[PDB]
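Participant: sequence, then structure. It's an experimental one.
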Amino acid sequence: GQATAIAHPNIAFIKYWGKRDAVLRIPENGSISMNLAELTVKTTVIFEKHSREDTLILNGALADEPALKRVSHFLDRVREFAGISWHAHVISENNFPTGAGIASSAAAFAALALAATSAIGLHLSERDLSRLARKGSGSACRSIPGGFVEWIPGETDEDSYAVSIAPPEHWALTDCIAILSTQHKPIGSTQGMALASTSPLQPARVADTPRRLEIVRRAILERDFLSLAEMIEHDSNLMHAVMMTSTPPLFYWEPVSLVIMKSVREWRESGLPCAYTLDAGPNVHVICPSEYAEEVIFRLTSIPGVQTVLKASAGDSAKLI
Amino acid sequence: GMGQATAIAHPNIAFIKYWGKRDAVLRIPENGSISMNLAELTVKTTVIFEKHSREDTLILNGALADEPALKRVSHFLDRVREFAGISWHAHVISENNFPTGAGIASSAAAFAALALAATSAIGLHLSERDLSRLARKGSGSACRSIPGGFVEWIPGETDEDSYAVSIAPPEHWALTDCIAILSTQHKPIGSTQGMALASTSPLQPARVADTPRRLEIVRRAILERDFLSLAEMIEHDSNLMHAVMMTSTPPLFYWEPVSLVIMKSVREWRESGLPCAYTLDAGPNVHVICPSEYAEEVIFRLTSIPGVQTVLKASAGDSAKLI
Ligand SMILES: C[C@@](O)(CCOP(=O)(O)OP(=O)(O)O)CC(=O)O
Ligand SMILES: C[C@@](O)(CCOP(=O)(O)OP(=O)(O)O)CC(=O)O
């Protein structure tokens, strides 16, 4: 059996940081994100005759050990579930600008979940596909549904999954991603959030998340940009507050990251609707209503140290092709 | 000419930070703090109670003080008036040897010196603990510049419970503060207004409740001259304060880009074997603490970082003194 699927990465408005269960990737708190339409990972899976091990090809080129074992552990779960035991070849390609530092694990494992299961015979619901991708990478469960998506955190494998809050056409928002010229290789999200419990501030951050989800959920449903802008910056800062107060500390910000954050707030306060948010790295995602995207990109491009700015709109669910 | 006295005090650098007031008027803090006085920086204040003054007068480095500064100093002198049962107004002449435009806070040294000089002029004889409580009411961190050396501010929940004591004299540990002054066209939000927002941060209660653990480690590290324990805690404590600042509503981003450069460098330097650690107050300047034998190397490395205007060098100073 063989199948091919595509999926988009997503930008979290309310962040996932810290696991309640390491192996199942049940998060400590819920999260909300938006799919990025112009960024895509395409993956084909082919289970085979008498193959005794899986093999992974990422962008025409062969994959390294860690990436393979990740993908093979994930395919093990798809085997137990389908009652089959064939191994497979996995061919994935992404249109991500090279050296941008756009994390791919969410899109990667959302496309794998959809391609692997469908190639092996199953027809999982969106909700069960979300639960499946979650076990590859937490944030992958949010790229299974389309548009603006909420991860319901839960306390069990059955209870932790994502659902669409609103389709992409509900709100014309754009994510302008400032790629930072100078950036090295920061500690990975998995390793980084495993340290969250060393932070004196993580329990309070986690306890407070329902307040933040409720504000962002309503802001998306009501198309209330100011309420969203202030909360996504607040929420980004709460995550980075925990990172910077972990032991050892995780300082994902670059100096230019600081300039952009301060500028974005200044732009909004002087009449340009926009807001920043950052993941586990120095690039800055600037969310704005799309009418303002070209003004936001202009100002961003003018900031010394900004290598380039990518433009992205709200994307759809993962899909078989 | 009813009485006259002159006192000097030093500013201090907090290893465990004061951020957030429990009581705005009394300046009782939400949490305790530990600081080291800085020997090479001084505020000298003379107070002269006059029979013919109907209002106070404040001269700073030979120039009449701005209106807000006189208000601060005049309200504080009202406290002194009340605690002495005397109504004289005063001429307050003050001078300091700070580098001009460097952004180094002088409020702790200012009100420490004023507390000592004003009470001495008006004829009182206050114990160090009571002087500490008085200076606290001008500026919280001023209560830590009354005792000498390394100083702990016991936070308390009442006016009488909130005071500072010296936990070790300056000569107990040769530590140097290499202060990196950062070029900047930005006027930061003052510490008073900034920390009034601390209750808006979701993370402030957790920061506050964790303070005794942080103070225990720093208090003992000073006794033991345990620099690595001190280093890691003061960077963690600095980061916890700025975490609350940046998660306030509206947020307070006191760091400039070069502040981040220095913070990461200092961590690299210590990890490569040069003992030193950073801590930041409510502004972009970075205080780098090191055992004094490494000061010259730390200053050398700091001075070559683009955006560092200059580097000041300070050692542990003594208590506020009547001269
Ligand atoms: C910082 C983030 O981007 C988190 C990404 O976390 P991951 O999905 O990469 O973590 P794993 O479950 O270990 O794969 C914020 C977010 O997207 O919510
Ligand atoms: C950030 C700090 O330097 C605090 C300075 O606070 P202030 O003593 O200036 O506050 P007020 O009581 O309002 O005068 C950290 C510290 O010194 O502990």
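Facilitator: Arrived safely, thanks for sending. Numbering: from 1, shown residues only, chains lettered A, B, ... in the order given. Ligands and ions are numbered 1, 2, ... in the order given.
Participant: got the domain ranges for chain A?
Facilitator: Taking curated CATH domains as the domain assignment, the ranges for chain A are A:1-178, A:179-321.
Participant: and the longest one, how far out from the chain's middle?
Facilitator: Offset of domain A:1-178 from its chain centre (C-alpha atoms, centre = their mean, to the nearest Å): 10 Å.
Participant: and that domain with chain B, contact?
Facilitator: No - contact between domain A:1-178 and chain B is absent, the nearest approach being 12.3 Å (criterion: C-beta under 8 Å from any C-beta of the partner chain). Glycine gets a C-beta too; all of them are placed from N, C-alpha and C.
Participant: please say whether there is contact between that domain and ligand 1.
Facilitator: Yes - if you take C-beta under 6 Å from any ligand atom as the test, domain A:1-178 does meet ligand 1, through A:12, A:15-16, A:25, A:31, A:105-106, A:137-139.
Participant: and the residues you listed, which is closest to residue A:228?
Facilitator: Lowest distance from residue A:228 to the residues of domain A:1-178 next to ligand 1 (C-beta to C-beta) belongs to residue A:12, with 12.7 Å.
Participant: check contacts around whichever residue of the stretch 1-150 of chain A sits closest to ligand 2.
Facilitator: Taking C-beta to the nearest ligand atom as the measure, the stretch 1-150 of chain A has residue A:17 as its residue closest to ligand 2, at 27.1 Å. Remark: with contacts taken as C-beta atoms under 8 Å, 6 or more residues apart in numbering or on different chains, residue A:17 is in contact with A:28-29, A:193, A:196, A:205, A:239, A:242-243.
Participant: most neighbours among these, which one?
Facilitator: The most neighbours of any of the contacts of residue A:17, using other C-beta atoms under 10 Å in any protein chain shown, belong to residue A:242, which has 30 neighbours.
Participant: secondary structure element for that residue?
Facilitator: Per DSSP states H and E: residue A:242 is located in helix A:225-244.
Participant: please apply the same query to residue A:268.
Facilitator: With the criterion set as DSSP H and E, the secondary-structure element containing residue A:268 is helix A:255-269.
Participant: now check that helix, is it near ligand 1?
Facilitator: No - in terms of C-beta under 6 Å from any ligand atom, no part of helix A:255-269 sits within range of ligand 1; the closest distance is 14.0 Å.
Participant: I'd like the next helix or strand past that helix.
Facilitator: Defined by DSSP H and E, the subsequent element after helix A:255-269 is strand A:275-277.
Participant: counting contacts, what elements does that next one pack onto?
Facilitator: With contacts defined as 3 or more C-beta pairs under 8 Å, 6 or more residues apart in numbering or on different chains; DSSP states H and E, the packing partners of strand A:275-277 are strand A:10-14, helix A:225-244, helix A:255-269, strand A:284-289.
Participant: any part of that strand near ligand 1?
Facilitator: No - no part of strand A:275-277 sits close enough to ligand 1 to count as contact by C-beta under 6 Å from any ligand atom; the gap is at least 9.1 Å.
Participant: how far out from the middle of the chain is that strand?
Facilitator: Its chain's C-alpha centre and that of strand A:275-277 lie 15 Å apart, by C-alpha atoms, centre = their mean.
Participant: how many neighbours does residue A:317 have?
Facilitator: For residue A:317, the neighbour count with other C-beta under 10 Å is 22.
Participant: show me where chain A has its helices.
Facilitator: Secondary structure of chain A by DSSP state H: the helices cover A:65-82, A:105-120, A:126-134, A:189-193, A:202-207, A:209-222, A:225-244, A:255-269, A:293-301.
Participant: and for the fourth one, what's in contact with it?
Facilitator: Okay, so that is helix A:189-193. Counting by C-beta under 8 Å, 6+ apart, helix A:189-193 makes contact with A:16-19, A:103, A:105, A:186, A:243, A:246, A:250, A:252, A:279-280, all of which sit outside it.
Participant: centroid-wise, who is the farthest residue in chain A?
Facilitator: The outermost residue of chain A, judged by C-alpha distance from the chain's mean C-alpha position using C-alpha atoms, centre = their mean, is residue A:50 at 35.1 Å.
Participant: list the contacts of residue A:293.
Facilitator: Residue A:293 makes contact with A:174, A:176, A:311 under the criterion C-beta under 8 Å, 6+ apart.
Participant: out of these, who's nearest residue A:269?
Facilitator: The shortest gap between residue A:269 and any of the contacts of residue A:293 belongs to residue A:176, at 17.9 Å (C-beta to C-beta).
Participant: the residue nearest to the closest one when sequence neighbours are not counted - how many residues pack around it?
Facilitator: Spatial nearest neighbour of residue A:176, chain neighbours left out: residue A:286 (4.3 Å); criterion: C-beta to C-beta, 6 or more residues apart in numbering or on different chains. Here the number of neighbours of residue A:286 (other C-beta under 10 Å) works out to 25.
Participant: assess the claim that residue A:286 and residue A:273 are in contact.
Facilitator: No - using C-beta atoms under 8 Å, residue A:286 is not in contact with residue A:273; the gap is 10.6 Å.
Participant: whether the helix holding residue A:242 contacts chain B - can you check?
Facilitator: Yes - applying C-beta under 8 Å from any C-beta, one finds helix A:225-244 touching chain B at A:230, A:233-234, A:237-238, A:240-242, A:244.
Participant: check these and tell me the two furthest apart.
Facilitator: Pairwise distances across those (C-beta to C-beta) peak at 20.8 Å, for the pair A:230 and A:244.
Participant: related to what we said a few turns ago, and the helix holding residue A:242, what does it pack against?
Facilitator: Checked by 3+ C-beta pairs under 8 Å, 6+ apart, helix A:225-244 has strand A:10-14, helix A:202-207, helix A:209-222, helix A:255-269, strand A:275-277, strand A:284-289, helix B:227-246 packed alongside it.
Participant: let's see it at 7 Å
Facilitator: Counting contacts by 3 or more C-beta pairs under 7 Å, 6 or more residues apart in numbering or on different chains; DSSP states H and E, helix A:225-244 packs against strand A:10-14, helix A:202-207, helix A:209-222, strand A:275-277, helix B:227-246.
Participant: possible to save those as TSV with distance to residue A:68?
Facilitator: As requested, the helices and strands packed on helix A:225-244 are arranged in TSV below (distance: least, C-beta to C-beta, whole Å):
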stretch	distance to residue A:68
strand A:10-14	24
helix A:202-207	32
helix A:209-222	34
strand A:275-277	32
helix B:227-246	37
